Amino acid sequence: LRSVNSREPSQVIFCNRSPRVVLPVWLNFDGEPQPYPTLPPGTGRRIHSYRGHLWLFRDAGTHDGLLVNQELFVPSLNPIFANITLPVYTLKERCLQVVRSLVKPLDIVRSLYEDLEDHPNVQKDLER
């Protein structure tokens, strides 16, 4: 999973249709994730990218996964609109998100202990 060094400019608008602070992540030519400045909720940003480049987006504070144009965003030939939205989380994952935000890293089963500690992470999703 890497960006194609096409050198063909592609105009892109990062549109945050989510209540989260979106963190854009660019996968460089070696697959390494590169973070870009964050987007407050409901805000947009015109950015300069290239054709064949790879972008994914997360919650800047918790790294929860987000959808762009309903996982990976690849700028194509022209600007292209990147609609970042909340996915329909599972009720379990949604509960884990809320509990994670109220407790620092409980009368719960040992299996759910590891679920709370298995934070969302870009490197883990990249292997997936």
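Residues carry their position along the shown sequence, with the first being 1.
The modelled chain breaks between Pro105 and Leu106, where 4 to 9 residues of the deposited sequence lack coordinates.
Unmodelled stretch separating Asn78 from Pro79: 4 to 9 residues (count of deposited-sequence residues without coordinates). For the pair 11 to 19 and 111 to 119, the mean Cα B-factor is higher in 111 to 119. Here 54 to 62 and 79 to 87 are compared by their mean Cα B-factor, and 79 to 87 comes out higher.
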